[PDB]
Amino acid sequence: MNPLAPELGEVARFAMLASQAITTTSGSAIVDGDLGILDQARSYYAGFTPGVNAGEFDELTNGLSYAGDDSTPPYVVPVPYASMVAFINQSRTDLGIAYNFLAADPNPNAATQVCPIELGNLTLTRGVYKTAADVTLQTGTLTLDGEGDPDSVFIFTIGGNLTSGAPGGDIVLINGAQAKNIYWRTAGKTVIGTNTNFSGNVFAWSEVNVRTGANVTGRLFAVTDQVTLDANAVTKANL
């Protein structure tokens, strides 16, 4: 059966969310999602350009950035929260819930399959793919095949790191597969290779490092450390 996707709660609003820091080199463009740092002040944003209105970054369209030290005035507390601290509190809790959902075996509605340690040149159907080792996506393209059902859910749950890179590293979606229904969970870090096309919601326990020029469609979560960008186009997957 189709795997049950995690509940994201408040953190569905974020394109990127980290405990410690979100950083970028120049040349990044983030769209359709918010940015958040949960456990450090706004000073832990690096590389971004504050825009006209409080919370805006020039690099960020249809979204705002958030940190718990954001005062009102001039920042704006998201509805319906009474304070920015309360908004960060619910976001922190809901991130933990969703990471834990993806880390727990088995999924409530689907049996676990083996995740290959190299995902290049494979075509995979929906399901839950688990391994305790590290996973690489580099020999070629990973094609995710929704078998004609736009609701098909893909969960990759990984006890080590996840790294895409050269010579391949791209993710292609066919037959109904959608970025919003793909989930990547690493107990280690997630590293996305230079100039690749990546799809899915990344829940890295430690950090997410997106390398030069990669294109992300999905979400980037670092539960305990940081999300770093290097000239990336990041688009939040539609709700």
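For every residue, the number given is its place in the sequence shown, counted from 1.
Stretch with the higher entry mean CA B-factor, where the candidates are 49 to 57 and 192 to 200: According to the PDB entry, the answer is 49 to 57.
Looking at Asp94, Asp134, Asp105, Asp151, which has the highest Cα B-factor in the entry? Within the set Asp94, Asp134, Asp105, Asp151, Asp151 shows the top C-alpha B-factor.
Can you tell me which of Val208, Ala214, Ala29, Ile171 has the highest Cα temperature factor in the record? Within the set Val208, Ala214, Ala29, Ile171, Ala29 shows the top C-alpha B-factor.
Is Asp69 in the lowest, middle or highest third of its chain when residues are ranked by C-alpha B-factor? Tercile = highest for this residue's CA B-factor.
CA B-factor placement of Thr143, once the chain's modelled residues are sorted into thirds: Lowest third - that is where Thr143 ends up once the chain's C-alpha B-factors are sorted.
Can you work out whether the C-alpha temperature factor of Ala222 puts it in the lowest, middle or highest third of the chain? For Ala222, whose C-alpha B-factor we compare with every modelled residue in the chain, the answer is the middle third.
Where does the C-alpha B-factor of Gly127 rank in its chain, lowest, middle or highest third? It belongs to the lowest third of the chain when residues are ordered by C-alpha B-factor.
How does the C-alpha B factor of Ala12 compare with the rest of the chain: lowest, middle or highest third? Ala12: CA B-factor falls in the highest third of its chain.
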